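Chemist: Can you keep this structure in mind? I'll have questions shortly.
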Amino acid sequence: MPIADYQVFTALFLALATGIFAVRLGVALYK
Amino acid sequence: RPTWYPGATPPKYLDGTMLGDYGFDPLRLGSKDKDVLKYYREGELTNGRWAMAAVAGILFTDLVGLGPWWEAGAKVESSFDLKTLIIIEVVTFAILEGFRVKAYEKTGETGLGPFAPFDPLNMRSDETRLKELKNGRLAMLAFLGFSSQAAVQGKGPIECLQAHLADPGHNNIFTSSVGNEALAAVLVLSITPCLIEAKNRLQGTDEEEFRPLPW
Amino acid sequence: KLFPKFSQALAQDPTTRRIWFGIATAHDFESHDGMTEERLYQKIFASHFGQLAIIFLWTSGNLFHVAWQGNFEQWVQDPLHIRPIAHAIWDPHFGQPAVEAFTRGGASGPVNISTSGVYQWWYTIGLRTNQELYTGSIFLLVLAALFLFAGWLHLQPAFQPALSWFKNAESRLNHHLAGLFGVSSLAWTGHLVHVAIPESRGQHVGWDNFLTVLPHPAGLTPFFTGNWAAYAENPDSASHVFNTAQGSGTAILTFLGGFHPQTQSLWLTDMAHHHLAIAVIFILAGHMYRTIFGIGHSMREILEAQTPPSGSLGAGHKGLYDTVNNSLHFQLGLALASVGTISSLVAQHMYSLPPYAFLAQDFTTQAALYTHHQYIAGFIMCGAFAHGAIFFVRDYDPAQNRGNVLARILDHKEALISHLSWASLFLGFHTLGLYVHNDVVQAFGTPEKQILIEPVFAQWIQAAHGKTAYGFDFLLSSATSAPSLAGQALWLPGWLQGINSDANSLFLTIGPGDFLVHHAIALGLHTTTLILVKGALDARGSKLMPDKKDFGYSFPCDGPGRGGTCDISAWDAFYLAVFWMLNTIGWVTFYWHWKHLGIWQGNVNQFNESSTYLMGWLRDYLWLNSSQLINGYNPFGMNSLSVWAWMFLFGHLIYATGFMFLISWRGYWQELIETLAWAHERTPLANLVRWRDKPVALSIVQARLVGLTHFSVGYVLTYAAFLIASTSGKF
Amino acid sequence: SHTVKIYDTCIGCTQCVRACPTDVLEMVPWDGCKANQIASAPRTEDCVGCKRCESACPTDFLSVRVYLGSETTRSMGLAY
Amino acid sequence: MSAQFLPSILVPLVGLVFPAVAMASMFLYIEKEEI
Amino acid sequence: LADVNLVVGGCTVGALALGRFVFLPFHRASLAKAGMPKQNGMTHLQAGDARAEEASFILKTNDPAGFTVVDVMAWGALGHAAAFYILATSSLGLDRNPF
Amino acid sequence: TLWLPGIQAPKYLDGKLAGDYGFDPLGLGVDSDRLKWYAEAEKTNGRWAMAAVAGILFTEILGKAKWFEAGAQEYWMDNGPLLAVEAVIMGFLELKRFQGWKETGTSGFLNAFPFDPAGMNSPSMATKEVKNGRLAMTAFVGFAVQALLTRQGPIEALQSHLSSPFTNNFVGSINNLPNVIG
Ligand code: CLA
Ligand code: CLA
Ligand code: CLA
Ligand code: CLA
Ligand code: CLA
Ligand SMILES: CC1=C(/C=C/C(C)=C\C=C\C(C)=C\C=C\C=C(C)\C=C\C=C(C)\C=C\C2=C(C)CCCC2(C)C)C(C)(C)CCC1
Ligand code: SF4
C-alpha cells in the first residue's frame, strides 16, 4: 500500500522546517 | 504596540513609522531599501483592494442563490465573443493601470483615472488608510480561504460555514484531505514564535549580516 | 574582495587563486585569523552537529524514497525474484526507449534498481510496510532538526561549553563506551527481541501492540531468577521460512552459529544475543575511568606507569596523555585509522557472514557493498596518515615528547622507512617476477612450468577453523580436539556446516592464484604505508630540507635549487600515496569480484587456472565481463545497462582529465592564460566587460589536488560502473 | 609579500643579491663574517618567490630563506 | 507512486532554479567588497 | 539454578566485604597514586571544567574506613555481575567441557 | 538536614531556593543560570505531575476509563483537531510563561508574574510547592511503570496490594506479567 499525497506533502513541509533549522545552524557557524 | 505574535521583537527597520506595522517580515523582503519597500506596500494595497472586491462579489453571488463562484465562468451566456472580450479587457485595464502608474509615480500613492488623489467624498486620513490596509489583508486571507475550500471541498463559502455550524467537531480543516498537512503546520507554528523568543534570549537582536534573500 | 573572511591574507589576493584557496581552506579552522582554542573546539562541536544532521537527513531520504517510489511491499513477499527499487527517475532527456528500458521492478515509470542493500537490511530488522518506512523517515527528519537546533544552541554563549570540558577525556570515554556504545547496543537488542524476532516469525509488532505482545512466553522471570537458559529453549528450525510462523520457535537468544538455511544469513536471535553481550561488556568498559565519584582511572597515570625498565622504550609513554589531548590532529588520525580498519572489517565480514535476510543471493548488492566499504576504508586510512603528518608538522612538541615512544620512533625513522622500502621492493620483485614467469610459460604453451606456490599457511588457518578440505585435521577440523569438543553443543554444528559448504563465502577454498594476489595486496599495503609513513616522519624535516616544519604541512616546493625539490612536503607524500591506495583497493576488489564471479557461475576453475597469470586477469575478467557493459547502448539500440556504459566512459574521461593536471605543470598554463588575457583585454566589443579577479593558472598544490580528485573520481566511477553492470546484467 | 630572511651563517659572498631578478636583497655592513657584509631584504614586497637566491647560496645550509606567503599582483608576477 | 507531478516540479527546481540562484548569490557574495 | 535470592545476596555481601576489609588498602593506594585525572598539568576542575568537580557526597563519610556510597555501589555491582554470571552458567544444561 | 547524614552541601544551603537539600551528586547546578532554569523546570514538571496525579485519581474514583487507556476512547472531536487546538492554546500559554520568565525570574499565568492572587505566598509555602511536586513526579513515574507491568489503575493496584502484600508486590507483578499480557 503506497503512501498518500498528504504524507508526501507533510514530509516536504517538515523538510522545509529542518531546512530553516539548517540555515540557522549555518548562520550561527558563520558568525 | 501589538505585533504578529504576543510580545514579539520587531525588526530594526520595522520601527513603526509605516502603517500596519506589526513587525512581521521573517524573510525580510524589504529591509535594505525603502523605495522597493514602498513598492511592496503599493502591491499589498492593490492586491488587498482587488481582493476586497473579489470577496464582496463572491459573497454576494453565493448569497443570492446563484451557483459556485468558480463554476460561474461557464454560467455566463451573453453577447461579445471571448476574443473581443479579452481585447477590450486588456486595453481598458492597460489604460487604467497606466493611469495608476502615473498616479503612483506622481503622488507616491495610487489613484483611479486622471485623479491622482481621487477622493470626491473626502475621507482621506491616516487612520482610514490603516482601516483599508487591514481590511484588505483580511479580505486577502478570506480569498485564500475561499479558493482553498473550492479546491478541497465542493461547497461554497456560506455552504462551508453552514457545514462547520452543523458539526464543528467533525467538519473543519483537520480531516483526511489536507487535515494532516494543516496539523503539521499548526504544530510547527504553535512552537516557532517560542523559538524566536529563545533565539532572542540566547543570541539577541544584534542584526545579522545575511538575510533570507541573498544580500 | 572580502570573501575569505577567515583569511585576510587570502582576501587581499586580486586573482582567482583567492576564491580557489578560499574554498579549500574553509575547514582549516586552526589556520584562520583570530582563532582561539575555545572557538576552535566550539566550531568543531557545531560542525559535528551539522554532519550528524546531514547523515540523518540522508538516511531519512533513503527511507522516504523507498517508501514513496520503491517496491518494498512487493520485495518483502518475493525477495528472490523482485529487483529492489532505489528511486523513481524524472529526466526530461530520456527518449522513449530509455523510458522503457528503465521500467523494471513493476513500477509505473523509469526507476533505478537499488544496489545499496537497504531493502535486505530493513526487511531483516523487521520493517515490512511502506508506512513504517515513512514513519522512520519522518522521525529521522524530526531528530535531524533537533540536532540542528542543538548545534545552534551550543554556539550560543550561554550554552557554549568550556575548553576543559572538551578535553575531559576520562568522562568522554566513560560515557561513549557505557552510553553511546553500550546503551545503544542494549536498545538494539531490545528492538531485535521485541520487533525483529516476532517479525521474522510472521508476528507483526508495532508501536500499537508491542506493549500487549510477549517476546518470550516466560516473561522477565527467567531473566530475574538467573534462569537465563530459558531464553534459548527452542531455536528456529532448519525448515523455518522467514516472515512466516512455519517451524519458528520461542527462543530470543539462540547461539547456533552458521547461517539460516533459507536466507543464507545469520540467525537474528544470534544477533540479539551478540548485541546483549556487547552491551554488557561496553557498559562495563564505560565504568573504567575516573570522573567525579572518587573511583576510576586517571589515564595520564596509566600512561606514566607504562614505562618498561632498562630504557627499552626510553621514557615509555611520558606525557602522551597531553600529546593526544592537546592535539586534535593526533585524535583525528587515531579515529580515522580505527574507523578505516573497522570499515575494512565490515567489508570482509558481511560478504563471508551475510547478516541481512536474503543477502548473498543479491550478487550485485554484495559486490557493491564490499567495494564501497573497501574504497572508503582506503581513503580514510590515507586520511589517518595525512593527519598524523599534520600532527608532526603542527602539534608535535619535542620538549614534552622527550624520550617517549614518539621521540624514539622519530629518532630511528630512517630504519623504518628503509625497511618498508625493502619489504615493498621484495614484494614487488617477487610477485611481479612470478606473474611474468607464469605469463611467459603460459604464452609458450607450457602451463606445467608455472610457479604455483601453495598457500599452505592460510590453508592451515582455514583448517584450524574446521575446513576439512586440505586434510590437516588440526584443531576444529578434528572433532576429537579440545576446542571441537568444548563447543560441540554450542556454535560448532552451524559453524562447521557453514565452513564445510561451498555454497557460501565462509572462508573460500584458496589456491596459488590467491597466494599471488595476496602478495600483490601485501605489496600495495606495504608501499602505501611506506609513502605515508615516510611523509609523516619526514614532515618536520629531512636532509634535503631540514627546516620543513617551518614551511607547514602543504607547500609547492623549495625551488630548483639543491638539485630540485619537487613534491617535497608531506602533503605531496599523501598525494603520491593516494594513487597507491587506489591501486591496492583496485587489486583487492578485482580479486574479490573475480573470485565471486567464478563462485556465482559455479565455475571456480576460471579463477583457479586464470588468476595465476596476468593475461588471464586481463582476458577472462576485464575483457570477458565488460561485454554486456559496453553494449549498454549501440547503433542497434539500448537497454538498462546503458547508464553503466555511459558512466564507464565518463570515468575514463575524468581519469584522463586528471592525467592532464597530473602531467602538465604550472607554467605552460600561466603563459597561455597571460596570452588569453592579452587577447580579451583588446578584443573589440568585449572590452566593455572585464574580470573582477585576475585570471591565473592553478597553483602547483591546487592542481595536484585537482588531478588527484579527477583520478580518484574516474577510478571509482569506472569500477562502480563495470562491477554493477557485469554483475546486475548477468544476475 | 613573501617572507625573506637572512641568517648569521651568511658569508657575504653577494651571490644571492646578484641572483635576484627583482632587486629584493642588498648588502649591509656587518661584523659577523670575514667579508664584513651580510645580506638584507628591505624590498620583500617586490619578491616574486623565484628562490634564485637560495639556488645561489653556497652556505650549508643556506642563509637566504624565502617563505612563500601572501600573494599580491607583484608576488604573482602578473603583467595584466 | 503517489503525487506523480511532484518530481516534475522539484527536479527543475533543484536543477535550474535553486542552482542558478545559488550560483548567482555566491558570485555576488565572493565579490561583495564590503560585506 | 540454585535459588537466585541466596546466590545474589551472598555474592553481593561477599563483594562488599572483600571490598571493605580485603581490597580496601590496595584500592586506596591506587586511588592515591593515580589521583585526579590531570590535563596539561592541573586537573580538569582547575582548568575550568565545573562539571568535573569532585562531588561532595563522597568526600566525607561516617564510615571509619572511609567506605563511601560509590564504593558500595561499585562492589555491589561487581557482586551482582558475578552472581548473575554463575546463575546463568548454572542454568544451562549442555556439555561446554572440552572432553 | 540533607539527603545523606555525613556530607556537606557543594553549592547549596537553606538561604536560597525551596526544598533545598544537598542532593546534586552529578553536580548540575554548577551554572547559576542553569540552576535557576532547572529550578523553574522542576517547578513546572512538579505542577504538571501534580495536576496529572489529581486528575488520574479523580477519574478512577469516579470510574470512567483507565488513565493510560483514556486516549483511545471516543470523544466529541477527533484526535487531530484536538491536538491542533491544544497546540495553539498552550503554545500561546507557554509563550506567555516563557516571556514572563524573560523579564522577572518567577513563574506565572497570563499577564500576572507572579500569578499570586489573594496572597498566601510565603518562603515556607514554596517548600510545600516543590516537595509536593517531587512527590507527584515520583507518583506519576510509579503510575506509569505500574501500568506498564500490571494493566490496572493506581487505586486498583493499591487495593490488590492491600489484599495480599506478599504476592501482589512489584516482584509478583513480574511473575504475573505472562498472565496479564497475552
Ligand atoms: C552517554 C552519554 C553520551 C552519548 C550517548 C553521547 C553521544 C554522542 N556524542 Mg558525546 N559527550 C558526552 C556524552 C555522550 N555523548 C560527554 C559526557 C561529553 C563530555 C566529556 C561528550 C562530548 C562530546 C563531544 C566533544 C562530541 C561528542 C559527540 C557525540 C556523537 C558522536 C558522533 C556519532 O553520532 O557517531 C556515532 C557512533 C556510533 C554509532 C558508535 C558505533 C561504533 C562503530 C563506529 C560502528 C559499528 C556499529 C555497527 C557495526 C554499525 C551498524 C549500523 C548499520 C546497520 C547502519 C554522539 C551522538 C561528537 C559530536 O558529534 O558532536 C555532536 C563530538 O563532537 N560528545
Ligand atoms: C533498553 C532496551 C529495552 C527496552 C526499552 C525494553 C522495554 C520493555 N521490555 Mg524488554 N528486553 C530487553 C531490552 C529492552 N526492553 C533485552 C535486552 C531483553 C533480553 C533479550 C529483554 C527481554 C524482555 C522480556 C522477556 C520482556 C520484556 C518486556 C518489556 C516491556 C515491559 C517493561 C518491563 O520489562 O518491565 C520492567 C523492567 C524492570 C522493572 C527492570 C528494569 C531495571 C533494570 C534491570 C535496570 C535498569 C538499567 C538499564 C540499563 C536502563 C536502560 C534504560 C533504557 C531503556 C534507555 C518494555 C516496554 C516484557 C513485556 O511484557 O514485553 C512487552 C517481557 O516479557 N523484555
Ligand atoms: C573525519 C574526517 C576528516 C576531517 C575532520 C578532516 C579535517 C581536515 N582536513 Mg582532512 N582528510 C581526510 C579526513 C578528514 N579531514 C581523509 C579521509 C583524507 C584522505 C582523502 C584527508 C586528507 C587531507 C589532506 C591532504 C589535507 C586535509 C586537510 C584538513 C584540514 C583542512 C580541511 C580543508 O582543507 O578544507 C576543506 C576541504 C575540502 C573542501 C575538500 C576539497 C574537495 C575535494 C578534494 C573534492 C571532492 C570532489 C567530489 C568528490 C566530486 C564529486 C564527483 C562527481 C561530480 C562525479 C582539516 C582540519 C588539509 C590540512 O590539514 O591543511 C594543512 C590538508 O591538506 N585532509
Ligand atoms: C581526456 C582528458 C583530457 C581532456 C578532456 C582534455 C581537454 C583539453 N585539453 Mg588536455 N591534456 C590531457 C588530457 C585531456 N585534455 C593530458 C593527459 C595531457 C598531458 C600531456 C594534456 C595536455 C594538454 C596541453 C598541453 C594542452 C591541453 C589543452 C586542452 C584543451 C583544448 C581545448 C579543446 O579541446 O576544446 C574543447 C574542450 C573539450 C573537448 C573538453 C571536453 C568538453 C566537452 C566535450 C564539451 C563541454 C560540455 C560541458 C561538459 C557541459 C557543461 C556541463 C556542466 C554541468 C559543467 C581542452 C579543454 C590545450 C589548451 O590549453 O587549450 C588549447 C593545451 O595546450 N591539454
Ligand atoms: C540528502 C538526502 C536526499 C537526497 C540525496 C535526495 C535526492 C533526490 N530527491 Mg529527495 N527527499 C529527501 C532527501 C533526499 N533526496 C527527504 C528527507 C525527503 C522528505 C521530505 C525528500 C523528498 C523528495 C521528494 C518529494 C522528491 C524528491 C526527489 C529527489 C530527486 C531529485 C531532487 C528533487 O528534485 O527533489 C528535491 C528534494 C527536496 C525538496 C528535499 C531534499 C532535502 C535534503 C534532505 C537536502 C539535504 C542536503 C544535504 C544534507 C547537504 C547537501 C548540500 C546542499 C544543501 C546544497 C533526487 C534523486 C524528487 C524525485 O522523486 O525525483 C524523481 C521528488 O519529487 N525528494
Ligand atoms: C601517521 C601518524 C599517526 C597514525 C598512525 C596509524 C595510521 C597507525 C595504525 C595502524 C593500524 C591500522 C593498526 C591496526 C591494528 C590492529 C592490530 C595491530 C591488532 C591486533 C591483535 C591481535 C594479536 C589479534 C589476534 C587474533 C587474531 C589474529 C584473530 C582472531 C582473534 C585473535 C585475538 C586470536 C598518529 C596520529 C597515531 C601519530 C602521528 C603519526
Ligand atoms: S648567497 Fe647566501 S652566503 Fe652569499 S651573501 Fe647571499 S645569503 Fe649570504
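A note on labels: chains of the C-alpha cells are A, B, ... as shown, every chain counts residues from 1, and ligands are counted from 1 in their shown order.
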Within 6 Å of chain C, which residues of chain A show up when using only C-alpha atoms, listed as an mmCIF file with N, CA, C and O atoms, in the first residue's frame?

Modeler:
data_model
loop_
_atom_site.group_PDB
_atom_site.id
_atom_site.type_symbol
_atom_site.label_atom_id
_atom_site.label_comp_id
_atom_site.auth_asym_id
_atom_site.auth_seq_id
_atom_site.Cartn_x
_atom_site.Cartn_y
_atom_site.Cartn_z
ATOM 1 N N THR A 18 13.123 21.685 8.822
ATOM 2 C CA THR A 18 14.501 21.338 9.154
ATOM 3 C C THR A 18 15.505 22.057 8.256
ATOM 4 O O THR A 18 16.654 22.233 8.660
ATOM 5 N N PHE A 21 15.989 25.136 10.185
ATOM 6 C CA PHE A 21 16.930 24.804 11.257
ATOM 7 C C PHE A 21 18.366 24.740 10.735
ATOM 8 O O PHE A 21 19.303 25.203 11.400
ATOM 9 N N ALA A 22 18.549 24.165 9.545
ATOM 10 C CA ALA A 22 19.877 24.031 8.957
ATOM 11 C C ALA A 22 20.490 25.385 8.633
ATOM 12 O O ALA A 22 21.677 25.608 8.891
ATOM 13 N N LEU A 25 21.591 27.016 11.844
ATOM 14 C CA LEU A 25 22.874 26.475 12.290
ATOM 15 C C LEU A 25 24.024 27.001 11.439
ATOM 16 O O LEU A 25 25.097 27.316 11.965
#

Chemist: Kindly determine which residues of chain C lie within 12 Å of chain E, considering only C-alpha atoms, and give the answer as a ChimeraX atom specification.

Modeler: /C:1-5,11-16,18-20,22-23,64-71,85,87-92,106-111,130,691-693

Chemist: For a quick test of understanding: name the residues of chain F lying within 10 Å of chain G when counting only C-alpha atoms, and present them as a count of residues only.

Modeler: 16

Chemist: For chain B, which residues have at least one atom within 9 Å of chain C, if we go by only C-alpha atoms? Write them as a VMD selection string, please.

Modeler: chain B and resid 199 202 to 203

Chemist: Residues at most 7 Å from ligand 4, using only C-alpha atoms and all ligand atoms? Could they come as a short mmCIF file (atom, residue, chain, number, x, y, z; two decimals) with C-alpha atoms, in the first residue's frame?

Modeler:
data_model
loop_
_atom_site.label_atom_id
_atom_site.label_comp_id
_atom_site.auth_asym_id
_atom_site.auth_seq_id
_atom_site.Cartn_x
_atom_site.Cartn_y
_atom_site.Cartn_z
CA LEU C 653 37.15 10.77 -19.34
CA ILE C 654 37.54 12.03 -15.75
CA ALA C 656 42.37 11.23 -18.30
CA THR C 657 41.27 14.77 -17.39
CA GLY C 658 43.06 14.06 -14.12
CA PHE C 659 46.13 12.96 -16.09
CA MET C 660 46.00 16.43 -17.69
CA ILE C 663 51.44 15.53 -16.22
CA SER C 664 51.40 19.17 -17.32
CA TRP C 669 49.26 27.29 -18.44
#

Chemist: If you run DSSP on the backbone, which residues of chain D are helix (DSSP H, G or I), as a PyMOL selection string?

Modeler: chain D and resi 15-19+44-46+52-56

Chemist: Find the distance between CA of residue 73 in chain B and CA of residue 153 in chain B and write it in Å to one decimal.

Modeler: 18.5 Å

Chemist: Enumerate as a VMD selection string the residues belonging to chain F that approach chain C to within 7 Å, with only C-alpha atoms taken into account.

Modeler: chain F and resid 1 4 34 to 40 44 47 to 49 52 to 55 58 70 84 87 to 88 91 to 92 94 to 99

Chemist: Quick one, how far is atom 45 (C, counted along the ligand's line) of ligand 1 from CA of residue 372 in chain C?

Modeler: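 Spanning atom 45 (C, counted along the ligand's line) of ligand 1 to CA of residue 372 in chain C is a straight-line distance of 15.8 Å.
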
Chemist: Excluding range 62-74 of chain D and its own-chain neighbours fewer than 3 positions away, which residues fall within 8 Å of it when counting only C-alpha atoms? Please give them as a PyMOL selection string.

Modeler: (chain C and resi 9-10+12-14+551) or (chain D and resi 1-10+16+39+45-49+51+53-54+57-59+77-78)

Chemist: Would you mind exporting the chosen residues as a PDB file, in the first residue's frame, restricted to C-alpha atoms?

Modeler:
ATOM      1  CA  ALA C   9      45.804  37.106   3.645  1.00  0.00           C
ATOM      2  CA  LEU C  10      43.744  35.275   1.021  1.00  0.00           C
ATOM      3  CA  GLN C  12      43.959  40.521  -0.490  1.00  0.00           C
ATOM      4  CA  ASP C  13      44.761  38.250  -3.459  1.00  0.00           C
ATOM      5  CA  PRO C  14      43.499  40.025  -6.614  1.00  0.00           C
ATOM      6  CA  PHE C 551      57.045  25.817   5.861  1.00  0.00           C
TER       7      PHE C 551
ATOM      8  CA  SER D   1      54.567  39.798   0.244  1.00  0.00           C
ATOM      9  CA  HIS D   2      56.983  36.883   0.622  1.00  0.00           C
ATOM     10  CA  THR D   3      58.952  36.469   3.845  1.00  0.00           C
ATOM     11  CA  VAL D   4      62.672  36.596   3.023  1.00  0.00           C
ATOM     12  CA  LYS D   5      65.070  36.209   5.945  1.00  0.00           C
ATOM     13  CA  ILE D   6      68.848  36.372   6.326  1.00  0.00           C
ATOM     14  CA  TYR D   7      70.719  34.375   8.960  1.00  0.00           C
ATOM     15  CA  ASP D   8      74.140  34.681  10.585  1.00  0.00           C
ATOM     16  CA  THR D   9      75.615  31.794   8.567  1.00  0.00           C
ATOM     17  CA  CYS D  10      75.866  34.278   5.670  1.00  0.00           C
ATOM     18  CA  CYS D  16      72.015  35.940  -3.515  1.00  0.00           C
ATOM     19  CA  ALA D  39      72.524  40.248   3.116  1.00  0.00           C
ATOM     20  CA  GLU D  45      57.174  43.463  -1.492  1.00  0.00           C
ATOM     21  CA  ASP D  46      58.967  43.123  -4.852  1.00  0.00           C
ATOM     22  CA  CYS D  47      59.833  39.477  -4.143  1.00  0.00           C
ATOM     23  CA  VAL D  48      58.188  37.093  -6.587  1.00  0.00           C
ATOM     24  CA  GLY D  49      59.336  33.941  -4.780  1.00  0.00           C
ATOM     25  CA  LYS D  51      64.113  31.280  -4.923  1.00  0.00           C
ATOM     26  CA  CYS D  53      68.795  33.464  -4.138  1.00  0.00           C
ATOM     27  CA  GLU D  54      68.508  30.040  -2.491  1.00  0.00           C
ATOM     28  CA  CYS D  57      73.668  30.425  -1.610  1.00  0.00           C
ATOM     29  CA  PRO D  58      76.814  28.310  -1.038  1.00  0.00           C
ATOM     30  CA  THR D  59      76.388  28.058   2.743  1.00  0.00           C
ATOM     31  CA  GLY D  77      54.386  38.311 -11.397  1.00  0.00           C
ATOM     32  CA  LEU D  78      51.413  39.479 -13.464  1.00  0.00           C
TER      33      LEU D  78
END

Chemist: Can you tell me which residues sit at most 8 Å away from ligand 6, counting only C-alpha atoms and all ligand atoms, written as a list in words?

Modeler: residues 329, 330, 331, 332, 333, 334, 336, 337, 338, 340, 341, 381, 382, 384, 385, 386, 387, 388, 389, 390, 391, 392, 406, 532, 533, 536 and 537 of chain C

Chemist: Determine, counting only C-alpha atoms, which protein, DNA and RNA residues have an atom within 12 Å of an atom of residue 262 in chain C; residues of the same chain fewer than 5 positions away are not included. Present the result as a list in words.

Modeler: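 Once the adjacent positions are removed, what remains is residues 79, 80, 236, 237, 238, 239, 240, 241, 242, 243, 244, 267, 356, 357, 358, 359, 360 and 361 of chain C.
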
Chemist: Take the residues just selected and output them with C-alpha atoms as a PDB file, in the first residue's frame.

Modeler:
ATOM      1  CA  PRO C  79      12.746 -11.345  -2.042  1.00  0.00           C
ATOM      2  CA  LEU C  80      14.438 -13.613  -4.608  1.00  0.00           C
ATOM      3  CA  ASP C 236      14.323 -21.646  14.726  1.00  0.00           C
ATOM      4  CA  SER C 237      14.425 -24.953  12.871  1.00  0.00           C
ATOM      5  CA  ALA C 238      16.344 -25.627   9.669  1.00  0.00           C
ATOM      6  CA  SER C 239      12.974 -25.793   7.870  1.00  0.00           C
ATOM      7  CA  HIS C 240      11.946 -22.324   9.083  1.00  0.00           C
ATOM      8  CA  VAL C 241      10.761 -19.851   6.444  1.00  0.00           C
ATOM      9  CA  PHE C 242      11.441 -16.156   7.014  1.00  0.00           C
ATOM     10  CA  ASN C 243       8.482 -13.824   7.718  1.00  0.00           C
ATOM     11  CA  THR C 244       6.225 -16.838   8.419  1.00  0.00           C
ATOM     12  CA  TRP C 267      20.293 -16.003  12.832  1.00  0.00           C
ATOM     13  CA  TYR C 356      20.721  -9.433   6.331  1.00  0.00           C
ATOM     14  CA  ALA C 357      17.850 -11.600   5.141  1.00  0.00           C
ATOM     15  CA  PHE C 358      18.226 -12.732   1.519  1.00  0.00           C
ATOM     16  CA  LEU C 359      21.699 -11.264   1.241  1.00  0.00           C
ATOM     17  CA  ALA C 360      24.399 -13.183  -0.697  1.00  0.00           C
ATOM     18  CA  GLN C 361      21.745 -14.053  -3.252  1.00  0.00           C
TER      19      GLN C 361
END

Chemist: Counting only C-alpha atoms and all ligand atoms, which protein, DNA or RNA residues come within 8 Å of ligand 3, given as a PDB file with C-alpha atoms, in the first residue's frame?

Modeler:
ATOM      1  CA  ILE C  23      37.002  27.142  -0.968  1.00  0.00           C
ATOM      2  CA  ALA C  24      39.810  24.761   0.005  1.00  0.00           C
ATOM      3  CA  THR C  25      40.927  26.387   3.291  1.00  0.00           C
ATOM      4  CA  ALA C  26      37.419  26.865   4.698  1.00  0.00           C
ATOM      5  CA  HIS C  27      37.611  23.877   7.064  1.00  0.00           C
ATOM      6  CA  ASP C  28      41.168  24.547   8.305  1.00  0.00           C
ATOM      7  CA  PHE C  29      39.898  26.451  11.330  1.00  0.00           C
ATOM      8  CA  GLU C  30      43.292  26.310  13.078  1.00  0.00           C
ATOM      9  CA  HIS C 329      45.162  16.013  14.671  1.00  0.00           C
ATOM     10  CA  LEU C 332      41.692  12.560  14.272  1.00  0.00           C
ATOM     11  CA  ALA C 335      39.991   7.893  14.888  1.00  0.00           C
ATOM     12  CA  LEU C 336      40.459   7.683  11.118  1.00  0.00           C
ATOM     13  CA  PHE C 379      40.540   6.755   1.731  1.00  0.00           C
ATOM     14  CA  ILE C 380      40.023   7.005   5.495  1.00  0.00           C
ATOM     15  CA  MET C 381      43.349   5.268   6.217  1.00  0.00           C
ATOM     16  CA  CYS C 382      45.147   7.703   3.905  1.00  0.00           C
ATOM     17  CA  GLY C 383      43.430  10.482   5.838  1.00  0.00           C
ATOM     18  CA  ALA C 384      44.643   8.997   9.120  1.00  0.00           C
ATOM     19  CA  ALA C 386      47.854  12.520   6.451  1.00  0.00           C
ATOM     20  CA  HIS C 387      46.574  13.824   9.784  1.00  0.00           C
ATOM     21  CA  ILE C 390      49.864  17.188  10.092  1.00  0.00           C
ATOM     22  CA  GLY C 552      53.908  23.984   7.010  1.00  0.00           C
ATOM     23  CA  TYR C 553      52.245  20.735   6.061  1.00  0.00           C
ATOM     24  CA  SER C 554      51.433  21.691   2.457  1.00  0.00           C
ATOM     25  CA  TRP C 571      51.084  16.737   1.570  1.00  0.00           C
ATOM     26  CA  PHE C 574      49.881  11.799   0.883  1.00  0.00           C
ATOM     27  CA  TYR C 575      49.225  12.833  -2.728  1.00  0.00           C
ATOM     28  CA  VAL C 578      46.507   8.113  -2.775  1.00  0.00           C
ATOM     29  CA  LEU C 705      44.849  18.142  -5.734  1.00  0.00           C
ATOM     30  CA  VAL C 706      42.590  18.660  -8.769  1.00  0.00           C
ATOM     31  CA  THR C 709      40.481  14.327  -7.353  1.00  0.00           C
ATOM     32  CA  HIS C 710      39.760  13.621 -11.021  1.00  0.00           C
ATOM     33  CA  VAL C 713      36.590  10.114  -9.252  1.00  0.00           C
ATOM     34  CA  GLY C 714      37.295   8.460 -12.602  1.00  0.00           C
ATOM     35  CA  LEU C 717      33.086   5.731 -11.274  1.00  0.00           C
TER      36      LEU C 717
END

Chemist: Would you write out, as a Markdown table, a table of all residues in chain A that have an atom no more than 9 Å from an atom of ligand 5, listing for each the closest atom pair and the distance in Å to one decimal, considering only C-alpha atoms and all ligand atoms and ordering rows by chain and rising residue number?

Modeler:
| residue | atom | partner | partner_atom_place_in_ligand_line | distance |
| --- | --- | --- | --- | --- |
| A:8 | CA | ligand 5 | 25 (C) | 6.1 |
| A:9 | CA | ligand 5 | 25 (C) | 7.5 |
| A:10 | CA | ligand 5 | 20 (C) | 7.7 |
| A:11 | CA | ligand 5 | 20 (C) | 4.3 |
| A:12 | CA | ligand 5 | 20 (C) | 3.7 |
| A:13 | CA | ligand 5 | 20 (C) | 7.0 |
| A:14 | CA | ligand 5 | 20 (C) | 6.6 |
| A:15 | CA | ligand 5 | 20 (C) | 4.8 |
| A:16 | CA | ligand 5 | 20 (C) | 7.8 |
| A:18 | CA | ligand 5 | 44 (C) | 8.5 |
| A:19 | CA | ligand 5 | 42 (C) | 7.6 |
| A:22 | CA | ligand 5 | 54 (C) | 8.6 |
